[PDB]
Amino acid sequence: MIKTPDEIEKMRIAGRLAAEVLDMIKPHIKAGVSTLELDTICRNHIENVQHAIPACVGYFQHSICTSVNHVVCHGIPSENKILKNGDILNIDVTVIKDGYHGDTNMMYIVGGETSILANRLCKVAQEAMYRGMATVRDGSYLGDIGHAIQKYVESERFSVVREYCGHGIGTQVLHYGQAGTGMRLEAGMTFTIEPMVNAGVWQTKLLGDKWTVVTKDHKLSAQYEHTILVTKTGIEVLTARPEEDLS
């Protein structure tokens, strides 16, 4: 599962392009915008400016997932989903370039202001991802990631969605368990770390469209995602954004 130098170089490019989607879409996020409009802007950027491939061509009909509020993941862009101030929005994107892909998602607070709880949920979700990323280096264990995430999130009185906290990435599902469990990590491995944090119960449900996932209790959910490369001394965050403080 060790990526070659050529494979890693192509993943750096794709990861940077994916990061660029999440940064460039920011000024378009305001009250009154539909999530379909965001999808079209991202599709045009990926295909026609980056000259890359959005996920709807690789292995449905949209270039991004737009998950609002109680939607946990896989929200479908829609002309009828109109953002309003105080909404929390996750945009999830995969960019494919030259056979390799970069995967990342982040939260946006529509209008810059939201409730005490929604702000805290987003910040805890981002810090949870970072805590999981902080365990990773050559010789660490896959289980260290989920353990760090779950311990932190529950200490903050939120719930972790139990389906997964990450996946192998290339072209393996990361679960919550005990530290020291799972595969020992080696420099050159790549995967995503993407914990989903619910304000209420950890249970989710799939909507009638067999695609959109929502919290079981209709409370808020937040997620962040990075694609990471394992190194001898730590990680390289392939989807890091330039103004993103990784300390």
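The first residue of the shown sequence is 1; numbering continues from there.
- In terms of unmodelled positions of the deposited sequence, the stretch from residue 171 to residue 172 in this entry skips 4 to 9 residues.
- As recorded in the PDB entry, 213-221 is the stretch of 191-199 and 213-221 with the greater mean C-alpha temperature factor.
- For the segment pair 98-106 and 161-169, the entry gives 161-169 the higher mean B-factor, averaged over Cα atoms.
- Reading the B-factor column for the CA atoms of 73, 118, 91, 142 in the entry, the top value corresponds to 142.
- Taking only the listed residues 36, 65, 29, 52, the entry reports the highest CA temperature factor at 52.
- Residue 9: CA B factor lies in the highest third for its chain, per the PDB record.
- Sort the modelled residues of the chain by CA B factor and residue 111 lands in the middle third.
- When the CA B factors of the chain's modelled residues are split into thirds, the value for residue 146 lands in the middle one.
- Among all modelled residues in this chain, the alpha-carbon of residue 86 has a temperature factor (C-alpha) in the middle third.
- In the PDB entry, residue 69 places in the lowest third of its chain by CA B-factor.
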